[PDB]
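Residue numbers (the deposited numbering), protein chains in the order written: chain l, 552 to 606; chain e, 51 to 154; chain g, 1 to 122; chain i, 1 to 347; chain h, 2 to 54; chain n, 3 to 58; chain r, 1 to 459; chain V, 2 to 141; chain a, 120 to 189.
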Amino acid sequence: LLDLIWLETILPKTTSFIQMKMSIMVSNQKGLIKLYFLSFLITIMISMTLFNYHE
Amino acid sequence: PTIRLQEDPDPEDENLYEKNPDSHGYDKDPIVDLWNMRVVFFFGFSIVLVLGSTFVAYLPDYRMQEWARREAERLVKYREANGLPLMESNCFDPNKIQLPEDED
Amino acid sequence: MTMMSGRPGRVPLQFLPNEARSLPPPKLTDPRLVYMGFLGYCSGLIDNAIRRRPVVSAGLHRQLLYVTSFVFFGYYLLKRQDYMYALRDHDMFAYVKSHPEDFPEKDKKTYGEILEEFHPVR
Amino acid sequence: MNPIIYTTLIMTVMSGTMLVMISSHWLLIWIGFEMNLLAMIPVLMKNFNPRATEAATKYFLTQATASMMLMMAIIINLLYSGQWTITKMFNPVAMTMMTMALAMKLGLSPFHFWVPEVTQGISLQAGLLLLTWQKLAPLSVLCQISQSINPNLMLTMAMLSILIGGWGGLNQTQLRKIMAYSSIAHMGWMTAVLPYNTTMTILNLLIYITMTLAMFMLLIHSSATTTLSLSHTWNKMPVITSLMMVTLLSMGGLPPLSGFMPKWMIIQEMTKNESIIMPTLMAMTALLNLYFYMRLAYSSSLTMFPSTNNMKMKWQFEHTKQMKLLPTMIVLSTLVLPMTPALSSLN
Amino acid sequence: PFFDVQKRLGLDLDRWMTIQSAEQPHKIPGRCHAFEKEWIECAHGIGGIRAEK
Amino acid sequence: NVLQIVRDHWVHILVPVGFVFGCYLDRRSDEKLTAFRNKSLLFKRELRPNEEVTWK
Amino acid sequence: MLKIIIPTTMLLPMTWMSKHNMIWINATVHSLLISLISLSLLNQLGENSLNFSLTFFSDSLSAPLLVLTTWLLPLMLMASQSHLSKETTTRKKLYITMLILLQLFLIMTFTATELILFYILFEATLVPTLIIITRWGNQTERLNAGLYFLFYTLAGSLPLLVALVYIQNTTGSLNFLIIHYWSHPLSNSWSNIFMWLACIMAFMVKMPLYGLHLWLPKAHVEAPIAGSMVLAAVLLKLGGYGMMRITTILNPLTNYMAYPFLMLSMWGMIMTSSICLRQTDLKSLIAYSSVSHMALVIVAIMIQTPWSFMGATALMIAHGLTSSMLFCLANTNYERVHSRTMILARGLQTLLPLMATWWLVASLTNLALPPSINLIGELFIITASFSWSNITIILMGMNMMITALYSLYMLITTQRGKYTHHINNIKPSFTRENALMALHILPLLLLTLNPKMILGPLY
Amino acid sequence: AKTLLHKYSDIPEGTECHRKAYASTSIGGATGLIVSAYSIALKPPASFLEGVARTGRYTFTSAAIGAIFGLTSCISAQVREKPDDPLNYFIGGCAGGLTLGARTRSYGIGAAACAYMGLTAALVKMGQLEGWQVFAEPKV
Amino acid sequence: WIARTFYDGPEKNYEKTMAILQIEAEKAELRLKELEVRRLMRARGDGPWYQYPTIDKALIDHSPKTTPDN
Ligand SMILES: CCCCCCCCCCCCCCCCCC(=O)OC[C@H](COP(=O)([O-])OCC(O)COP(=O)([O-])OC[C@@H](COC(=O)CCCCCCCCCCCCCCCCC)OC(=O)CCCCCCCCCCCCCCCCC)OC(=O)CCCCCCCCCCCCCCCCC
Ligand SMILES: CCCCCCCCCCCCCCCCCC(=O)OC[C@H](COP(=O)([O-])OCC(O)COP(=O)([O-])OC[C@@H](COC(=O)CCCCCCCCCCCCCCCCC)OC(=O)CCCCCCCCCCCCCCCCC)OC(=O)CCCCCCCCCCCCCCCCC
Ligand SMILES: CCCCCCCCCCCCCCCCC[C@@H](O)O[C@H](CO[C@H](O)CCCCCCCCCCCCCCC)COP(=O)(O)OCC[N+](C)(C)C
Ligand SMILES: CCCCCCCCCCCCCCCCC[C@@H](O)O[C@H](CO[C@H](O)CCCCCCCCCCCCCCC)COP(=O)(O)OCC[N+](C)(C)C
Ligand SMILES: CCCCCCCC/C=C\CCCCCCCC(=O)O[C@H](COC(=O)CCCCCCC/C=C/CCCCCCCC)COP(=O)(O)OCCN
């Protein structure tokens, strides 16, 4: 109950699960320039508003 | 072929006593085996073990145990002869200490 | 931020200003120089291993050139590093000298007059 | 391609970089960037195929947009202060636009999507050039305008770069995408310390360049672009795989290898200011880069994968072309840590 | 980063066009020649941090 | 005939040579920490008529 | 102390330049010689440590650890040459090189004067161990074990590094002497609490602490025999040594930050002793024994008393020797039957009587039979804990019972009963194995004869 | 913008819980809007109404998390009469994690989110108390 | 005999520890002083370090500019 299941579940298994999920999220992209150029525009606007307006 | 890969079969473990009835378990070469045994026994038991234990047993008293015992003997002698208490609760002279002037 | 790029009097691409000649050169037995020679020897061994040549005995002249080149670069590297550290120390000492208000020497107190709290271990 | 034309194009690429590096005029810096991009585009398409053409198109679009933004920032800064010299950039809006343009040029997150794609689409030599020499000019410009950099934006982009590089590289079986992701993480590490100390930036850049050159040269030596094709090298040249594993451990940041030296030093610099949380987060994240390097080491060096019959033929032939600087790059990648204080020579 | 080849060699590749008050053709002055001259003379040799204030 | 024996067992001298070299380097390192020789409040002493240094 | 360091770096080319059939003999002879040379470090003072130079120093706590490391290297060489017979010459030289590098790293680690250099060497010890485990281990689990060995360490040790440099930005130095002489109390703030955690968690993981121990059974089961010996005997003691060194700057915060770690240590001592009773793997039993003993050492270091420190040092040394011997004893049976199941080979006393005697002595030493140094350490820690709180004697008492049970259980399961009928490949014990067990056991009783050499600086 | 952060942080801890909840829900709405914008840019929804639905779902989830966090944090602070206490922020973070778990209809998500969000909010409170600097200004 | 052959007196270790302690304490004090110096120099900008470039004054053309008022 403790060593083989829950101590494994809390620290290393949850860490592995989270890292794998975030890797799957980040690395899966179709490779289309349209999508991430729109993302570039969103980032530029966010940067000019959030960071640049406050100086 | 109903197989998955070309591989050597798992070999059977070799017995060191088959080719050498007195094999010592060090090497398959009898001469190298015997000399490995001899050097292991000589430098493990004869040299490091016994001589190291003798060296450790007769290490000079750098920890100052007998010195501390003799100093305690002198100090107890003096304090009993002069009637002084054997040990003081203060390890430092209060004259060399300046407490805060005000405790309120 | 850069800390010594615009120091007054700095020649752009000198790599060894004249003032650096006022410092003692590193000895030829400097352990850093010996480590640089060891790096050259390891480079020679790795070159022999990559080329599928006898690692230790294939090319003596190439190994010698490797070691010599590494030592030759390391000597000047050590000289420049020592000069830079000397410059840093020199500037720091000059600055503390010229601004005594920011580095005042307060009175010394002996442990017989300082109250330190005692925390028992029990 | 003609060897003469190729050498002329390489010379023009380096000339654009050097012009950006030695100019005191913003227009000349922009011209250097233009020359570098113009000459670099054909290099990516040396081996003609649809993938190379797509990579070149994406690279050109990204760099052209970056140059647009760069010139707009220069013009705004000229408008609000009639200056052409590269200095503190008296306008904050121009400074923000300049930071975003240079981040797009470098590949810093979130302007990171083009790097793995372009790296996968071009050959190993073009990838080596792109991931080593193309970082020099934007980093030099950022070092020259370091004082006016808003810490929040650059530090946010560096955090994003480290996180995204680790997470993306966790998922790759292709070696070129692994290398692109590693590059993205290393540039994040470089730009994190940039507002505080540019000497640490230069030191990290030099160490990264040496490690990347060694790794790419080893990958060229054993003609492998995927994990499985690299898994066959132990049966052909075991020494190459052993040196590969040690170099991978160095890039992973494990002491006492040289790869530990920059991050360590960077961390120290970050703690000379207050800045405690950020180096902790950066180390925790670099654990992911270490993980996928270590997985590669498992696949190629510490275990023996099955081989093929035809590899027997390859046992009878030798490597004709040889890289002269490979042993020096390997040694500088692995055994350099005891020479850490020599970094004082960089400033 | 910045290798000052111009300063080292005395070449003046692009320093002639950096500021407005630097040797115009036919001595045609800029609209703010005097102000730029005054600012440059004030800020010379004291560094960016000092000159900023 | 000792050529073959030497080429076979010359590796047996590396560790003793390393040991004596380490002892020599330890002595050299000790030679650089003599800033307080015969200067401590507990072991200050008047030099003998013949000796030069209290310790090496 | 370069007189010990340089001979190992000379072992390197001597091994790499030796003949194909003389690597083991040369390595064993010269490692024994280096151990004999290192034996001279036990001559320690009563007031301060041996300050050899600006970079290396030797205390009464680290000297037995160096002696144990130098003594363990030849034992690893003797245990490895059996299963490495079929390997090629270059790979055997690489294995010996990895062991030599591990010994050199440990030797510098235990004597570094600064905390940063100690950290660098303490982290450099990872690479040879990982290479050995992941390359020369037997089953497919080794790879996973390697990962569990690596990141578990780094996730605990990377924050410590940050803490370390932060300290140098505040105090101005990380030398242990200056740190000890210029110590100041730690206030009660969240910043100081997190600095305490950053300084402690790395060594807590290395012990390992209960709940952070999941890497140990994997690493100690899947690694080769020399890997298991070096992991149990010395590598677990790095955490204890580091915690002892670092607790000088953490007072008086520890006075209340030791609570959860103390409770985890005691309850996990009980839990792992209970786990050892139901184990089908013989190596996992020894691994969980190691966890229990290290939990005892953690309790001793946390309560911070001279008696607890003395007991911790004695128990560290004794457990290193005992666990190495038990691992070798299990490995002999594994080499005979090629399986780690405990109930497979039974009644071995009928076929191997001297090996039965070795098993009996190792098991008796494991359950702390008086007057062995195992019992000295355990009893000192027990008395210190009783002074800390009278109720502790309950939990410790339970452990003192359960331990004995499983110890004898192991013995009775393997040596007594009737032999397995179908196992007929059990050859008489070689001289190499008997010499290995004898060289493991004789130093234990010899140190029993003179117990002040392993009681630490607080003696 | 930082105007929302200053609106949230200007109000004292255990006073005017409704205003603090409004500021928290506004911050949550802004964060959810940015998340939905990036998700739409990188993962197109194939329909305008589908994109509107995704934006509404993300923004509502973020706003609900923020509102619950602020409301319970302020309520606990005023009930216990113990301002500057990281336990209040831990309670708020766990409540927000439970809100997220209910929104996604998962027990494990709820538990993990409670633990991690409570820990992060407690850490933010400690940083505010001791003045920890996430983006340190250049000093040396 | 063991003491005569293999070891020295305690005064050697005593004074070597004294020298090591002195060197280390001086190094620590120098490190702290350097940190404070860097802080002050960057805050004020009045020292040799952190000297960022400014436009050169010798570039100005001091000639009649076709108009009396420049
Ligand atoms: C900190 C303290 C100081 C330490 C310094 C750091 C470490 C030492 C320096 C490292 C660099 C030195 C060697 C580099 C080049 C060697 C390349 C090589 O492959 O070696 C083969 C070569 C044998 O080849 P050969 O003789 O031609 O015949 C066999 C065939 O080649 C048949 O060859 P093959 O190709 O068929 O064999 C295949 C084999 C071939 O693959 C290999 O051999 C692996 C070699 C990798 C080289 C190391 C990488 C680069 C260096 C960085 C080291 C990092 C150290 C930090 C700690 C982390 C450890 C990884 O691959 C495998 O079997 C797969 C095994 C997978 C295991 C993975 C682990 C490998 C990494 C471990 C490296 C540890 C350090 C290096 C150890 C020494 C290695 C020779 O080895 C040698 O003989 C050379 C070593 C000794 C030469 C120097 C001796 C000096 C002269 C003696 C007198 C001394 C004077 C003293 C003064 C006093 C006066 C008396
Ligand atoms: C280092 C040494 C070793 C230590 C490490 C090892 C030990 C520690 C770690 C391991 C234990 C922690 C894991 C907790 C469970 C994780 C949940 C999970 O896995 O989700 C995936 C998994 C998959 O879910 P799914 O796929 O989304 O849906 C399918 C379900 O199977 C379909 O579900 P269903 O339809 O069958 O019914 C589910 C439903 C109904 O459940 C049932 O069907 C049957 C009723 C069972 C519920 C039990 C609660 C009532 C009885 C409790 C009485 C007092 C508790 C003990 C305290 C004594 C006080 C003196 O449950 C609920 O409605 C939950 C409502 C919330 C009320 C209960 C929560 C109370 C939390 C405890 C507060 C303690 C405060 C501190 C006290 C300090 C002083 C001692 O979830 C479950 O299946 C389990 C559902 C129930 C989970 C809640 C149970 C509470 C466990 C104790 C929590 C305390 C530990 C955490 C402390 C830190 C938190 C800040
Ligand atoms: C197989 C058959 C077995 C049965 C037959 C056996 C025959 C009899 C043999 C057994 C002898 C019985 C022992 C009785 C005790 C006598 C020995 C004792 O007197 O010596 C002690 C001394 O013992 C030694 O000090 C202990 C040995 C040292 C242990 C080190 C082991 C060697 C190094 C190996 C590597 C280390 C690995 C572990 C790392 C920590 C005394 O200590 P001490 O009070 O002072 O001496 C006072 C007088 N002095 C100071 C002038 C000398
Ligand atoms: C598998 C095992 C892994 C290893 C486990 C390691 C153990 C680490 C635990 C850390 C020990 C204690 C941490 C902080 C010390 C006190 C904790 C708290 O309970 O004490 C009270 C703290 O009060 C409340 O608890 C407020 C803190 C609430 C936020 C903490 C989160 C608690 C939830 C449990 C999360 C589990 C953590 C581990 C995650 C893996 C005291 O109140 P207060 O006097 O005001 O604070 C004292 C500090 N002052 C003086 C500066 C003011
Ligand atoms: C395999 C599992 C092992 C787990 C290992 C992880 C445990 C690490 C515990 C926390 C380590 C981070 C601490 C960072 C180093 C502290 C150095 C320090 O003292 O800095 C403090 C600053 O303290 C901090 O900033 C700490 C913030 C923590 C950020 C990262 C949080 C990591 C997660 C915390 C919860 C987990 C902690 C316990 C985990 C136990 C293991 C399960 C003082 O700085 P100043 O700003 O100058 O203070 C005075 C001026 N106001």
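Where a beta carbon is used, it is the ideal one built from N, C-alpha and C, also for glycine.
Taking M204 of chain r and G156 of chain r to be in contact with their CB atoms under 8 Å, please state how far apart those CB atoms are, rounded to whole angstroms.
7 Å
Shorter than 7 Å, the distance from the beta carbon of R81 of chain V to the closest heavy atom of ligand 6, or not?
Here the bound small molecules are ligand 1, ligand 2, ligand 3, ligand 4 and ligand 5; ligand 6 is not part of this structure.
Quiz: which residues have CB nearer than 7 Å to ligand 3 non-hydrogen atoms:
Result: e:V98, e:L99, e:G102, e:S103, e:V106, e:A107, e:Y108, r:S35, r:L39, r:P64, r:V67, r:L68, r:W71, r:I317, r:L321, r:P443, r:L446, r:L447, r:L449, r:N450, r:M453, r:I454.
With a threshold of 8 Å between beta-carbons, can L101 of chain e be considered close to chain a, or not?
no
For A73 of chain i, is the beta carbon positioned less than 7 Å from some heavy atom of ligand 2?
no
DSSP puts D281 of chain r in a beta bridge; with which residues?
In the DSSP assignment, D281 of chain r is bridged to r:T341.
Chain-order list of residues whose beta-carbon lies under 6 Å from that of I149 of chain i (same chain, five-residue window excluded):
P195
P64 of chain r to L42 of chain r, Cα distance in whole Å?
7 Å
Using a Cβ-Cβ cut-off of less than 7 Å, give me the residues of the region 143-157 of chain a that come near chain g, in sequence order.
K152, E153, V156
Using beta-carbon positions only, say whether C276 of chain r and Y406 of chain r come within less than 8 Å of one another.
yes
So for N2 of chain i, helix, strand or coil by DSSP?
coil
At a threshold of 7 Å, does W557 of chain l count as lining ligand 2 (C-beta to nearest heavy atom)?
yes
Ligand 5 and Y256 of chain r: does the residue's C-beta get closer than 7 Å to at least one heavy atom of that ligand?
Between ligand 5 and the CB of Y256 of chain r, the shortest heavy atom gap is not smaller than 7 Å.
Please confirm whether any heavy atom of ligand 1 lies closer than 7 Å to the CB of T328 of chain i.
Not one heavy atom of ligand 1 lies closer than 7 Å to the C-beta of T328 of chain i.
Report the residues of the region 585-597 of chain l with a CB closer than 7 Å to any CB of chain i, ordered along the chain.
Residues of the region 585-597 of chain l with a C-beta atom less than 7 Å from some C-beta of chain i are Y587, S590, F591, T594, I595, listed in chain order.
For ligand 1, is there any heavy atom lying closer than 7 Å to the beta carbon of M323 of chain i?
no
Could you check if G211 of chain r belongs to the surroundings of ligand 2, using beta carbon to heavy atom distance under 7 Å?
yes
Taking a cut of 7 Å between CB atoms, which residues from the region 181-193 of chain r lie near chain V?
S189, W190, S191
Find the residues of chain e that neighbour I139 of chain a, judging by a C-beta separation of less than 8 Å, and give them in chain order.
Under the 8 Å cutoff, chain e gives no residues; its nearest Cβ is about 19 Å from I139 of chain a.
In terms of DSSP beta bridges, what is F588 of chain l paired with?
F588 of chain l is not bridged to any residue.
Taking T600 of chain l as the query, report the chain V residues whose CB atoms sit under 9 Å from its CB, ordered along the chain.
The contacting residues are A2.
Does chain l have any CB closer than 8 Å to the CB of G239 of chain r?
no
For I330 of chain i, report the span of its alpha helix (DSSP H) as first-last.
326-334
Whose CA, out of i:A56, i:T62, i:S15, lies closest to the CA of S590 of chain l?
i:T62
Could you name the residues of the region 249-279 of chain r whose beta carbon sits closer than 9 Å to any beta carbon of chain l, in the order they occur along the chain?
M271, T272, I275
Please confirm whether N189 of chain a has its beta-carbon closer than 8 Å to some beta-carbon of chain r.
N189 of chain a does not count as touching chain r.
Beta carbon proximity, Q268 of chain i to chain a, threshold 8 Å:
no
So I286 of chain r packs on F21 of chain n, CB below 8 Å; how close in whole Å?
With 8 Å as the limit, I286 of chain r and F21 of chain n do not qualify as a contact, their Cβ atoms being about 36 Å apart.
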